[PDB]
$ cat upload39.cif   # mmCIF, N, CA and C atoms and all ligand atoms; chains and numbers go by the auth columns
data_query
#
loop_
_atom_site.group_PDB
_atom_site.id
_atom_site.type_symbol
_atom_site.label_atom_id
_atom_site.label_comp_id
_atom_site.label_asym_id
_atom_site.label_seq_id
_atom_site.Cartn_x
_atom_site.Cartn_y
_atom_site.Cartn_z
_atom_site.B_iso_or_equiv
_atom_site.auth_seq_id
_atom_site.auth_asym_id
ATOM 1 N N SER A 1 71.787 -27.957 42.939 0.00 3 A
ATOM 2 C CA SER A 1 70.683 -28.446 42.144 0.00 3 A
ATOM 3 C C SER A 1 69.386 -28.287 42.939 0.00 3 A
ATOM 4 N N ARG A 2 69.357 -28.740 44.197 0.00 4 A
ATOM 5 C CA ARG A 2 68.173 -28.475 45.013 0.00 4 A
ATOM 6 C C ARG A 2 67.955 -26.982 45.181 0.00 4 A
ATOM 7 N N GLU A 3 69.037 -26.246 45.457 0.00 5 A
ATOM 8 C CA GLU A 3 68.930 -24.808 45.647 0.00 5 A
ATOM 9 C C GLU A 3 68.433 -24.139 44.371 0.00 5 A
ATOM 10 N N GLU A 4 68.855 -24.647 43.204 0.00 6 A
ATOM 11 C CA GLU A 4 68.364 -24.126 41.930 0.00 6 A
ATOM 12 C C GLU A 4 66.880 -24.419 41.757 0.00 6 A
ATOM 13 N N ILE A 5 66.494 -25.679 41.951 0.00 7 A
ATOM 14 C CA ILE A 5 65.106 -26.076 41.781 0.00 7 A
ATOM 15 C C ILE A 5 64.225 -25.319 42.756 0.00 7 A
ATOM 16 N N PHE A 6 64.634 -25.275 44.024 0.00 8 A
ATOM 17 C CA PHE A 6 63.818 -24.620 45.039 0.00 8 A
ATOM 18 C C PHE A 6 63.662 -23.119 44.771 0.00 8 A
ATOM 19 N N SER A 7 64.723 -22.453 44.319 0.00 9 A
ATOM 20 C CA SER A 7 64.606 -21.032 43.990 0.00 9 A
ATOM 21 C C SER A 7 63.568 -20.796 42.903 0.00 9 A
ATOM 22 N N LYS A 8 63.603 -21.604 41.839 0.00 10 A
ATOM 23 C CA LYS A 8 62.645 -21.441 40.744 0.00 10 A
ATOM 24 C C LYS A 8 61.240 -21.855 41.160 0.00 10 A
ATOM 25 N N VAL A 9 61.127 -22.912 41.967 0.00 11 A
ATOM 26 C CA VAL A 9 59.812 -23.300 42.466 0.00 11 A
ATOM 27 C C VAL A 9 59.227 -22.168 43.288 0.00 11 A
ATOM 28 N N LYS A 10 60.080 -21.488 44.047 0.00 12 A
ATOM 29 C CA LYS A 10 59.602 -20.468 44.963 0.00 12 A
ATOM 30 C C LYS A 10 59.123 -19.238 44.204 0.00 12 A
ATOM 31 N N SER A 11 59.830 -18.867 43.134 0.00 13 A
ATOM 32 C CA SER A 11 59.416 -17.729 42.330 0.00 13 A
ATOM 33 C C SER A 11 58.084 -18.007 41.644 0.00 13 A
ATOM 34 N N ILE A 12 57.953 -19.181 41.032 0.00 14 A
ATOM 35 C CA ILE A 12 56.709 -19.516 40.351 0.00 14 A
ATOM 36 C C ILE A 12 55.546 -19.496 41.335 0.00 14 A
ATOM 37 N N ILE A 13 55.737 -20.081 42.525 0.00 15 A
ATOM 38 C CA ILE A 13 54.643 -20.117 43.497 0.00 15 A
ATOM 39 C C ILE A 13 54.268 -18.707 43.900 0.00 15 A
ATOM 40 N N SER A 14 55.276 -17.876 44.168 0.00 16 A
ATOM 41 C CA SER A 14 55.041 -16.490 44.544 0.00 16 A
ATOM 42 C C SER A 14 54.359 -15.724 43.420 0.00 16 A
ATOM 43 N N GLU A 15 54.790 -15.942 42.172 0.00 17 A
ATOM 44 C CA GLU A 15 54.170 -15.220 41.061 0.00 17 A
ATOM 45 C C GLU A 15 52.700 -15.598 40.910 0.00 17 A
ATOM 46 N N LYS A 16 52.374 -16.891 41.024 0.00 18 A
ATOM 47 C CA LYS A 16 51.027 -17.342 40.697 0.00 18 A
ATOM 48 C C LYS A 16 50.085 -17.361 41.892 0.00 18 A
ATOM 49 N N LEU A 17 50.567 -17.683 43.088 0.00 19 A
ATOM 50 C CA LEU A 17 49.703 -17.629 44.266 0.00 19 A
ATOM 51 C C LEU A 17 49.602 -16.228 44.859 0.00 19 A
ATOM 52 N N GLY A 18 50.502 -15.324 44.499 0.00 20 A
ATOM 53 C CA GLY A 18 50.410 -13.965 44.976 0.00 20 A
ATOM 54 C C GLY A 18 50.981 -13.755 46.353 0.00 20 A
ATOM 55 N N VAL A 19 51.575 -14.780 46.940 0.00 21 A
ATOM 56 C CA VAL A 19 52.153 -14.664 48.258 0.00 21 A
ATOM 57 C C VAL A 19 53.573 -14.151 48.113 0.00 21 A
ATOM 58 N N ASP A 20 54.118 -13.650 49.216 0.00 22 A
ATOM 59 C CA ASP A 20 55.467 -13.122 49.232 0.00 22 A
ATOM 60 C C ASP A 20 56.462 -14.262 49.367 0.00 22 A
ATOM 61 N N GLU A 21 57.642 -14.084 48.768 0.00 23 A
ATOM 62 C CA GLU A 21 58.621 -15.171 48.760 0.00 23 A
ATOM 63 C C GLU A 21 59.100 -15.532 50.162 0.00 23 A
ATOM 64 N N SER A 22 59.039 -14.591 51.101 0.00 24 A
ATOM 65 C CA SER A 22 59.445 -14.875 52.468 0.00 24 A
ATOM 66 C C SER A 22 58.582 -15.958 53.116 0.00 24 A
ATOM 67 N N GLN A 23 57.370 -16.197 52.606 0.00 25 A
ATOM 68 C CA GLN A 23 56.482 -17.234 53.126 0.00 25 A
ATOM 69 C C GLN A 23 56.716 -18.610 52.501 0.00 25 A
ATOM 70 N N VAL A 24 57.483 -18.706 51.420 0.00 26 A
ATOM 71 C CA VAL A 24 57.625 -19.958 50.686 0.00 26 A
ATOM 72 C C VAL A 24 58.892 -20.642 51.187 0.00 26 A
ATOM 73 N N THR A 25 58.723 -21.603 52.085 0.00 27 A
ATOM 74 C CA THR A 25 59.815 -22.388 52.631 0.00 27 A
ATOM 75 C C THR A 25 59.602 -23.850 52.271 0.00 27 A
ATOM 76 N N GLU A 26 60.650 -24.654 52.480 0.00 28 A
ATOM 77 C CA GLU A 26 60.537 -26.089 52.235 0.00 28 A
ATOM 78 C C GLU A 26 59.381 -26.722 53.004 0.00 28 A
ATOM 79 N N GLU A 27 59.071 -26.214 54.198 0.00 29 A
ATOM 80 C CA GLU A 27 58.077 -26.816 55.089 0.00 29 A
ATOM 81 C C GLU A 27 56.664 -26.304 54.869 0.00 29 A
ATOM 82 N N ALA A 28 56.484 -25.291 54.024 0.00 30 A
ATOM 83 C CA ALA A 28 55.175 -24.671 53.846 0.00 30 A
ATOM 84 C C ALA A 28 54.224 -25.623 53.127 0.00 30 A
ATOM 85 N N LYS A 29 53.034 -25.805 53.689 0.00 31 A
ATOM 86 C CA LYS A 29 51.990 -26.572 53.025 0.00 31 A
ATOM 87 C C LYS A 29 51.286 -25.652 52.033 0.00 31 A
ATOM 88 N N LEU A 30 51.084 -26.138 50.802 0.00 32 A
ATOM 89 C CA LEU A 30 50.480 -25.287 49.777 0.00 32 A
ATOM 90 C C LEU A 30 49.146 -24.733 50.258 0.00 32 A
ATOM 91 N N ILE A 31 48.253 -25.609 50.698 0.00 33 A
ATOM 92 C CA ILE A 31 46.921 -25.179 51.096 0.00 33 A
ATOM 93 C C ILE A 31 46.973 -24.466 52.442 0.00 33 A
ATOM 94 N N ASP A 32 47.435 -25.167 53.479 0.00 34 A
ATOM 95 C CA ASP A 32 47.246 -24.676 54.839 0.00 34 A
ATOM 96 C C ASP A 32 48.011 -23.384 55.091 0.00 34 A
ATOM 97 N N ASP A 33 49.232 -23.270 54.568 0.00 35 A
ATOM 98 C CA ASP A 33 50.087 -22.130 54.867 0.00 35 A
ATOM 99 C C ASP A 33 50.017 -21.053 53.798 0.00 35 A
ATOM 100 N N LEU A 34 50.098 -21.434 52.527 0.00 36 A
ATOM 101 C CA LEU A 34 50.210 -20.485 51.431 0.00 36 A
ATOM 102 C C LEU A 34 48.867 -20.141 50.791 0.00 36 A
ATOM 103 N N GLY A 35 47.761 -20.671 51.297 0.00 37 A
ATOM 104 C CA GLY A 35 46.462 -20.208 50.841 0.00 37 A
ATOM 105 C C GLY A 35 46.000 -20.738 49.504 0.00 37 A
ATOM 106 N N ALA A 36 46.667 -21.745 48.953 0.00 38 A
ATOM 107 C CA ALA A 36 46.184 -22.299 47.705 0.00 38 A
ATOM 108 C C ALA A 36 44.922 -23.131 47.955 0.00 38 A
ATOM 109 N N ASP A 37 44.279 -23.556 46.870 0.00 39 A
ATOM 110 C CA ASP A 37 43.128 -24.445 46.945 0.00 39 A
ATOM 111 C C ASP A 37 43.498 -25.755 46.258 0.00 39 A
ATOM 112 N N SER A 38 42.608 -26.741 46.358 0.00 40 A
ATOM 113 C CA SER A 38 42.922 -28.039 45.772 0.00 40 A
ATOM 114 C C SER A 38 42.920 -28.035 44.251 0.00 40 A
ATOM 115 N N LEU A 39 42.593 -26.914 43.612 0.00 41 A
ATOM 116 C CA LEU A 39 42.644 -26.799 42.159 0.00 41 A
ATOM 117 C C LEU A 39 43.945 -26.190 41.671 0.00 41 A
ATOM 118 N N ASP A 40 44.583 -25.377 42.508 0.00 42 A
ATOM 119 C CA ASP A 40 45.745 -24.612 42.085 0.00 42 A
ATOM 120 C C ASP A 40 46.931 -25.504 41.767 0.00 42 A
ATOM 121 N N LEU A 41 46.996 -26.697 42.357 0.00 43 A
ATOM 122 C CA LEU A 41 48.247 -27.439 42.273 0.00 43 A
ATOM 123 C C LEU A 41 48.471 -28.018 40.875 0.00 43 A
ATOM 124 N N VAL A 42 47.408 -28.371 40.141 0.00 44 A
ATOM 125 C CA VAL A 42 47.637 -28.975 38.827 0.00 44 A
ATOM 126 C C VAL A 42 48.173 -27.941 37.826 0.00 44 A
ATOM 127 N N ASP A 43 47.704 -26.691 37.911 0.00 45 A
ATOM 128 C CA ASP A 43 48.324 -25.644 37.096 0.00 45 A
ATOM 129 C C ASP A 43 49.759 -25.391 37.518 0.00 45 A
ATOM 130 N N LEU A 44 50.022 -25.325 38.828 0.00 46 A
ATOM 131 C CA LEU A 44 51.390 -25.156 39.293 0.00 46 A
ATOM 132 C C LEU A 44 52.279 -26.262 38.753 0.00 46 A
ATOM 133 N N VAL A 45 51.819 -27.506 38.854 0.00 47 A
ATOM 134 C CA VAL A 45 52.614 -28.642 38.408 0.00 47 A
ATOM 135 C C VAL A 45 52.903 -28.563 36.917 0.00 47 A
ATOM 136 N N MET A 46 51.904 -28.188 36.112 0.00 48 A
ATOM 137 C CA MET A 46 52.180 -28.043 34.687 0.00 48 A
ATOM 138 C C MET A 46 53.190 -26.934 34.433 0.00 48 A
ATOM 139 N N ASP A 47 53.156 -25.878 35.239 0.00 49 A
ATOM 140 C CA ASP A 47 54.152 -24.831 35.083 0.00 49 A
ATOM 141 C C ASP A 47 55.534 -25.338 35.484 0.00 49 A
ATOM 142 N N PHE A 48 55.620 -26.116 36.578 0.00 50 A
ATOM 143 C CA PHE A 48 56.876 -26.781 36.932 0.00 50 A
ATOM 144 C C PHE A 48 57.298 -27.788 35.870 0.00 50 A
ATOM 145 N N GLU A 49 56.331 -28.506 35.289 0.00 51 A
ATOM 146 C CA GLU A 49 56.650 -29.462 34.229 0.00 51 A
ATOM 147 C C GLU A 49 57.339 -28.776 33.057 0.00 51 A
ATOM 148 N N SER A 50 56.815 -27.625 32.638 0.00 52 A
ATOM 149 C CA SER A 50 57.405 -26.874 31.540 0.00 52 A
ATOM 150 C C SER A 50 58.664 -26.136 31.972 0.00 52 A
ATOM 151 N N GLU A 51 58.777 -25.787 33.252 0.00 53 A
ATOM 152 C CA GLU A 51 59.958 -25.074 33.721 0.00 53 A
ATOM 153 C C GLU A 51 61.209 -25.960 33.692 0.00 53 A
ATOM 154 N N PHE A 52 61.103 -27.203 34.147 0.00 54 A
ATOM 155 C CA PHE A 52 62.271 -28.055 34.301 0.00 54 A
ATOM 156 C C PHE A 52 62.334 -29.167 33.270 0.00 54 A
ATOM 157 N N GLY A 53 61.322 -29.296 32.422 0.00 55 A
ATOM 158 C CA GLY A 53 61.328 -30.351 31.424 0.00 55 A
ATOM 159 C C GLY A 53 61.196 -31.727 32.029 0.00 55 A
ATOM 160 N N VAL A 54 60.310 -31.881 33.011 0.00 56 A
ATOM 161 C CA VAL A 54 59.987 -33.164 33.614 0.00 56 A
ATOM 162 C C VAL A 54 58.483 -33.287 33.549 0.00 56 A
ATOM 163 N N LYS A 55 57.967 -34.446 33.934 0.00 57 A
ATOM 164 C CA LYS A 55 56.530 -34.519 34.123 0.00 57 A
ATOM 165 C C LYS A 55 56.207 -35.457 35.267 0.00 57 A
ATOM 166 N N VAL A 56 54.989 -35.312 35.761 0.00 58 A
ATOM 167 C CA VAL A 56 54.591 -35.924 37.011 0.00 58 A
ATOM 168 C C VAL A 56 53.397 -36.810 36.699 0.00 58 A
ATOM 169 N N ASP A 57 53.192 -37.797 37.556 0.00 59 A
ATOM 170 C CA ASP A 57 52.010 -38.630 37.463 0.00 59 A
ATOM 171 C C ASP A 57 50.848 -37.919 38.150 0.00 59 A
ATOM 172 N N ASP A 58 49.631 -38.155 37.649 0.00 60 A
ATOM 173 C CA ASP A 58 48.462 -37.668 38.376 0.00 60 A
ATOM 174 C C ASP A 58 48.275 -38.431 39.680 0.00 60 A
ATOM 175 N N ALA A 59 48.731 -39.684 39.723 0.00 61 A
ATOM 176 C CA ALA A 59 48.677 -40.462 40.956 0.00 61 A
ATOM 177 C C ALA A 59 49.564 -39.855 42.034 0.00 61 A
ATOM 178 N N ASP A 60 50.717 -39.306 41.645 0.00 62 A
ATOM 179 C CA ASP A 60 51.676 -38.758 42.600 0.00 62 A
ATOM 180 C C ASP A 60 51.333 -37.339 43.039 0.00 62 A
ATOM 181 N N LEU A 61 50.257 -36.766 42.497 0.00 63 A
ATOM 182 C CA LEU A 61 49.821 -35.425 42.860 0.00 63 A
ATOM 183 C C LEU A 61 49.101 -35.385 44.205 0.00 63 A
ATOM 184 N N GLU A 62 48.418 -36.470 44.585 0.00 64 A
ATOM 185 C CA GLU A 62 47.717 -36.496 45.867 0.00 64 A
ATOM 186 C C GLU A 62 48.683 -36.546 47.039 0.00 64 A
ATOM 187 N N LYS A 63 49.942 -36.871 46.790 0.00 65 A
ATOM 188 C CA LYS A 63 50.925 -36.954 47.854 0.00 65 A
ATOM 189 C C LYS A 63 51.643 -35.640 48.094 0.00 65 A
ATOM 190 N N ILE A 64 51.544 -34.693 47.163 0.00 66 A
ATOM 191 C CA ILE A 64 52.290 -33.445 47.261 0.00 66 A
ATOM 192 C C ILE A 64 51.581 -32.534 48.253 0.00 66 A
ATOM 193 N N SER A 65 52.212 -32.308 49.400 0.00 67 A
ATOM 194 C CA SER A 65 51.625 -31.512 50.465 0.00 67 A
ATOM 195 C C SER A 65 52.363 -30.210 50.717 0.00 67 A
ATOM 196 N N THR A 66 53.687 -30.198 50.604 0.00 68 A
ATOM 197 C CA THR A 66 54.499 -29.029 50.914 0.00 68 A
ATOM 198 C C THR A 66 55.311 -28.588 49.702 0.00 68 A
ATOM 199 N N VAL A 67 55.929 -27.414 49.841 0.00 69 A
ATOM 200 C CA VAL A 67 56.849 -26.929 48.822 0.00 69 A
ATOM 201 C C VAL A 67 58.006 -27.904 48.648 0.00 69 A
ATOM 202 N N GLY A 68 58.535 -28.421 49.764 0.00 70 A
ATOM 203 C CA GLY A 68 59.627 -29.379 49.692 0.00 70 A
ATOM 204 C C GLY A 68 59.270 -30.633 48.922 0.00 70 A
ATOM 205 N N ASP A 69 58.001 -31.045 48.977 0.00 71 A
ATOM 206 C CA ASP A 69 57.552 -32.205 48.206 0.00 71 A
ATOM 207 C C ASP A 69 57.725 -31.969 46.717 0.00 71 A
ATOM 208 N N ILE A 70 57.326 -30.781 46.245 0.00 72 A
ATOM 209 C CA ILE A 70 57.479 -30.412 44.841 0.00 72 A
ATOM 210 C C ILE A 70 58.945 -30.445 44.440 0.00 72 A
ATOM 211 N N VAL A 71 59.790 -29.775 45.229 0.00 73 A
ATOM 212 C CA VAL A 71 61.215 -29.752 44.909 0.00 73 A
ATOM 213 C C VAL A 71 61.756 -31.170 44.822 0.00 73 A
ATOM 214 N N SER A 72 61.454 -32.010 45.826 0.00 74 A
ATOM 215 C CA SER A 72 61.998 -33.365 45.828 0.00 74 A
ATOM 216 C C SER A 72 61.475 -34.175 44.653 0.00 74 A
ATOM 217 N N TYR A 73 60.201 -34.012 44.311 0.00 75 A
ATOM 218 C CA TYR A 73 59.703 -34.717 43.144 0.00 75 A
ATOM 219 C C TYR A 73 60.432 -34.259 41.883 0.00 75 A
ATOM 220 N N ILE A 74 60.654 -32.948 41.735 0.00 76 A
ATOM 221 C CA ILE A 74 61.407 -32.453 40.585 0.00 76 A
ATOM 222 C C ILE A 74 62.835 -32.975 40.615 0.00 76 A
ATOM 223 N N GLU A 75 63.472 -32.942 41.795 0.00 77 A
ATOM 224 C CA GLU A 75 64.870 -33.322 41.888 0.00 77 A
ATOM 225 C C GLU A 75 65.085 -34.780 41.509 0.00 77 A
ATOM 226 N N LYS A 76 64.130 -35.651 41.820 0.00 78 A
ATOM 227 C CA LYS A 76 64.300 -37.060 41.471 0.00 78 A
ATOM 228 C C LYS A 76 64.129 -37.301 39.972 0.00 78 A
ATOM 229 N N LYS A 77 63.274 -36.539 39.304 0.00 79 A
ATOM 230 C CA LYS A 77 63.141 -36.723 37.861 0.00 79 A
ATOM 231 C C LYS A 77 64.326 -36.164 37.086 0.00 79 A
ATOM 232 N N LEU A 78 65.222 -35.439 37.737 0.00 80 A
ATOM 233 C CA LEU A 78 66.426 -34.948 37.084 0.00 80 A
ATOM 234 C C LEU A 78 67.569 -34.798 38.073 0.00 80 A
HETATM 235 ZN ZN ZN B . 64.018 -14.765 44.784 0.00 101 A
HETATM 236 ZN ZN ZN B . 58.128 -16.893 36.589 0.00 102 A
HETATM 237 ZN ZN ZN B . 49.966 -23.092 34.006 0.00 103 A
HETATM 238 ZN ZN ZN B . 61.736 -19.588 34.431 0.00 104 A
#
$ encode --input "upload39.cif" --output "structure tokens"
Amino acid sequence: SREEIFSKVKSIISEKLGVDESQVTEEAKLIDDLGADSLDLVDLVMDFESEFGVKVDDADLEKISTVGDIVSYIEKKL
């Protein structure tokens, strides 16, 4: 389930941020490592929301720092 979620999270991030999948690890920080900006994450989250059929709080968005954070947030909602 984590491996499923993480694989799909990684493809979406790679497709939309333009980075190579080899750079998308559990420990990668969206901004610092993968080159995103503070605007990119809300579109990513909505894409994850529609991908897995979950939704996230706007309050819980300020805590999301790494790829692993996204996966874990998704994994807990399902
Ligand atoms: Zn792949
Ligand atoms: Zn895709
Ligand atoms: Zn979107
Ligand atoms: Zn898909």
$ residues_around --input "upload39.cif" --residues "residue 36 in chain A" --least-positions-apart "5" --cutoff "7 Å" --atoms "only N, CA and C atoms" --output "list in words"
residues 21, 25, 30 and 31 of chain A
$ closest_residue --input "upload39.cif" --among "A:53, A:34, A:45, A:28" --to "ligand ZN 104 (chain A)" --atoms "only N, CA and C atoms and all ligand atoms"
A:53
$ closest_residue --input "upload39.cif" --among "A:42, A:22, A:61, A:27" --to "residue 5 in chain A" --atoms "only C-alpha atoms"
A:27
$ closest_atom_pairs --input "upload39.cif" --of "chain A" --to "ligand ZN 101 (chain A)" --cutoff "7 Å" --atoms "only C-alpha atoms and all ligand atoms" --output "Markdown table"
| residue | atom | partner | partner_atom | distance |
| --- | --- | --- | --- | --- |
| A:9 | CA | A:ZN101 | ZN | 6.3 |
| A:13 | CA | A:ZN101 | ZN | 6.0 |
| A:23 | CA | A:ZN101 | ZN | 6.7 |
$ closest_residue --input "upload39.cif" --among "A:15, A:38, A:7, A:63" --to "ligand ZN 102 (chain A)" --atoms "only N, CA and C atoms and all ligand atoms"
A:15
$ residues_near_ligand --input "upload39.cif" --ligand "ligand ZN 103 (chain A)" --cutoff "7 Å" --atoms "all atoms listed in the file" --output "list in words"
residues 44, 45, 46, 47, 48, 49 and 50 of chain A
$ closest_atom_pairs --input "upload39.cif" --of "chain A" --to "ligand ZN 102 (chain A)" --cutoff "8 Å" --atoms "all atoms listed in the file" --output "Markdown table"
| residue | atom | partner | partner_atom | distance |
| --- | --- | --- | --- | --- |
| A:10 | C | A:ZN102 | ZN | 7.4 |
| A:13 | C | A:ZN102 | ZN | 5.2 |
| A:14 | CA | A:ZN102 | ZN | 4.8 |
| A:15 | N | A:ZN102 | ZN | 7.1 |
| A:16 | C | A:ZN102 | ZN | 7.9 |
| A:17 | CA | A:ZN102 | ZN | 6.2 |
| A:18 | N | A:ZN102 | ZN | 7.3 |
$ atom_distance --input "upload39.cif" --atom1 "CA of residue 39 in chain A" --atom2 "CA of residue 24 in chain A"
19.7 Å
$ select_by_dssp --input "upload39.cif" --residues "range 27-80 of chain A" --states "alpha helix (DSSP H)" --output "VMD selection string"
chain A and resid 42 to 54 69 to 79
$ write_last_selection --input "upload39.cif" --atoms "N, CA and C atoms" --output "PDB file, in the coordinates of the input"
ATOM      1  N   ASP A  42      44.583 -25.377  42.508  1.00  0.00           N
ATOM      2  CA  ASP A  42      45.745 -24.612  42.085  1.00  0.00           C
ATOM      3  C   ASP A  42      46.931 -25.504  41.767  1.00  0.00           C
ATOM      4  N   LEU A  43      46.996 -26.697  42.357  1.00  0.00           N
ATOM      5  CA  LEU A  43      48.247 -27.439  42.273  1.00  0.00           C
ATOM      6  C   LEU A  43      48.471 -28.018  40.875  1.00  0.00           C
ATOM      7  N   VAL A  44      47.408 -28.371  40.141  1.00  0.00           N
ATOM      8  CA  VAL A  44      47.637 -28.975  38.827  1.00  0.00           C
ATOM      9  C   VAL A  44      48.173 -27.941  37.826  1.00  0.00           C
ATOM     10  N   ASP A  45      47.704 -26.691  37.911  1.00  0.00           N
ATOM     11  CA  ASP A  45      48.324 -25.644  37.096  1.00  0.00           C
ATOM     12  C   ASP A  45      49.759 -25.391  37.518  1.00  0.00           C
ATOM     13  N   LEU A  46      50.022 -25.325  38.828  1.00  0.00           N
ATOM     14  CA  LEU A  46      51.390 -25.156  39.293  1.00  0.00           C
ATOM     15  C   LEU A  46      52.279 -26.262  38.753  1.00  0.00           C
ATOM     16  N   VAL A  47      51.819 -27.506  38.854  1.00  0.00           N
ATOM     17  CA  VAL A  47      52.614 -28.642  38.408  1.00  0.00           C
ATOM     18  C   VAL A  47      52.903 -28.563  36.917  1.00  0.00           C
ATOM     19  N   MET A  48      51.904 -28.188  36.112  1.00  0.00           N
ATOM     20  CA  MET A  48      52.180 -28.043  34.687  1.00  0.00           C
ATOM     21  C   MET A  48      53.190 -26.934  34.433  1.00  0.00           C
ATOM     22  N   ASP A  49      53.156 -25.878  35.239  1.00  0.00           N
ATOM     23  CA  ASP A  49      54.152 -24.831  35.083  1.00  0.00           C
ATOM     24  C   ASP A  49      55.534 -25.338  35.484  1.00  0.00           C
ATOM     25  N   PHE A  50      55.620 -26.116  36.578  1.00  0.00           N
ATOM     26  CA  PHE A  50      56.876 -26.781  36.932  1.00  0.00           C
ATOM     27  C   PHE A  50      57.298 -27.788  35.870  1.00  0.00           C
ATOM     28  N   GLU A  51      56.331 -28.506  35.289  1.00  0.00           N
ATOM     29  CA  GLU A  51      56.650 -29.462  34.229  1.00  0.00           C
ATOM     30  C   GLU A  51      57.339 -28.776  33.057  1.00  0.00           C
ATOM     31  N   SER A  52      56.815 -27.625  32.638  1.00  0.00           N
ATOM     32  CA  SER A  52      57.405 -26.874  31.540  1.00  0.00           C
ATOM     33  C   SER A  52      58.664 -26.136  31.972  1.00  0.00           C
ATOM     34  N   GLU A  53      58.777 -25.787  33.252  1.00  0.00           N
ATOM     35  CA  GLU A  53      59.958 -25.074  33.721  1.00  0.00           C
ATOM     36  C   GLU A  53      61.209 -25.960  33.692  1.00  0.00           C
ATOM     37  N   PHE A  54      61.103 -27.203  34.147  1.00  0.00           N
ATOM     38  CA  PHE A  54      62.271 -28.055  34.301  1.00  0.00           C
ATOM     39  C   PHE A  54      62.334 -29.167  33.270  1.00  0.00           C
ATOM     40  N   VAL A  69      55.929 -27.414  49.841  1.00  0.00           N
ATOM     41  CA  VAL A  69      56.849 -26.929  48.822  1.00  0.00           C
ATOM     42  C   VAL A  69      58.006 -27.904  48.648  1.00  0.00           C
ATOM     43  N   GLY A  70      58.535 -28.421  49.764  1.00  0.00           N
ATOM     44  CA  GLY A  70      59.627 -29.379  49.692  1.00  0.00           C
ATOM     45  C   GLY A  70      59.270 -30.633  48.922  1.00  0.00           C
ATOM     46  N   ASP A  71      58.001 -31.045  48.977  1.00  0.00           N
ATOM     47  CA  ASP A  71      57.552 -32.205  48.206  1.00  0.00           C
ATOM     48  C   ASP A  71      57.725 -31.969  46.717  1.00  0.00           C
ATOM     49  N   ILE A  72      57.326 -30.781  46.245  1.00  0.00           N
ATOM     50  CA  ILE A  72      57.479 -30.412  44.841  1.00  0.00           C
ATOM     51  C   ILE A  72      58.945 -30.445  44.440  1.00  0.00           C
ATOM     52  N   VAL A  73      59.790 -29.775  45.229  1.00  0.00           N
ATOM     53  CA  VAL A  73      61.215 -29.752  44.909  1.00  0.00           C
ATOM     54  C   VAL A  73      61.756 -31.170  44.822  1.00  0.00           C
ATOM     55  N   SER A  74      61.454 -32.010  45.826  1.00  0.00           N
ATOM     56  CA  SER A  74      61.998 -33.365  45.828  1.00  0.00           C
ATOM     57  C   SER A  74      61.475 -34.175  44.653  1.00  0.00           C
ATOM     58  N   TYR A  75      60.201 -34.012  44.311  1.00  0.00           N
ATOM     59  CA  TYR A  75      59.703 -34.717  43.144  1.00  0.00           C
ATOM     60  C   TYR A  75      60.432 -34.259  41.883  1.00  0.00           C
ATOM     61  N   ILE A  76      60.654 -32.948  41.735  1.00  0.00           N
ATOM     62  CA  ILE A  76      61.407 -32.453  40.585  1.00  0.00           C
ATOM     63  C   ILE A  76      62.835 -32.975  40.615  1.00  0.00           C
ATOM     64  N   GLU A  77      63.472 -32.942  41.795  1.00  0.00           N
ATOM     65  CA  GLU A  77      64.870 -33.322  41.888  1.00  0.00           C
ATOM     66  C   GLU A  77      65.085 -34.780  41.509  1.00  0.00           C
ATOM     67  N   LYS A  78      64.130 -35.651  41.820  1.00  0.00           N
ATOM     68  CA  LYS A  78      64.300 -37.060  41.471  1.00  0.00           C
ATOM     69  C   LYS A  78      64.129 -37.301  39.972  1.00  0.00           C
ATOM     70  N   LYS A  79      63.274 -36.539  39.304  1.00  0.00           N
ATOM     71  CA  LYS A  79      63.141 -36.723  37.861  1.00  0.00           C
ATOM     72  C   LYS A  79      64.326 -36.164  37.086  1.00  0.00           C
TER      73      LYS A  79
END
$ closest_residue --input "upload39.cif" --among "A:12, A:66, A:52, A:4" --to "residue 78 in chain A" --atoms "only C-alpha atoms"
A:4
$ atom_distance --input "upload39.cif" --atom1 "CA of residue 71 in chain A" --atom2 "CA of residue 26 in chain A"
12.5 Å
$ residues_around --input "upload39.cif" --residues "residue 67 in chain A" --least-positions-apart "2" --cutoff "5 Å" --atoms "only N, CA and C atoms" --output "list in words"
residues 31, 32, 65 and 69 of chain A
$ closest_residue --input "upload39.cif" --among "A:59, A:54, A:64, A:72" --to "ligand ZN 104 (chain A)" --atoms "all atoms listed in the file"
A:54
$ atom_distance --input "upload39.cif" --atom1 "CA of residue 56 in chain A" --atom2 "atom C of residue 41 in chain A"
19.3 Å
$ closest_residue --input "upload39.cif" --among "A:62, A:51, A:77, A:35" --to "ligand ZN 104 (chain A)" --atoms "only C-alpha atoms and all ligand atoms"
A:51
$ axis_aligned_box --input "upload39.cif" --around "range 12-19 of chain A" --padding-each-side "6 Å" --output "JSON"
{"center_x": 54.8, "center_y": -18.4, "center_z": 42.7, "size_x": 22.5, "size_y": 18.3, "size_z": 16.6}
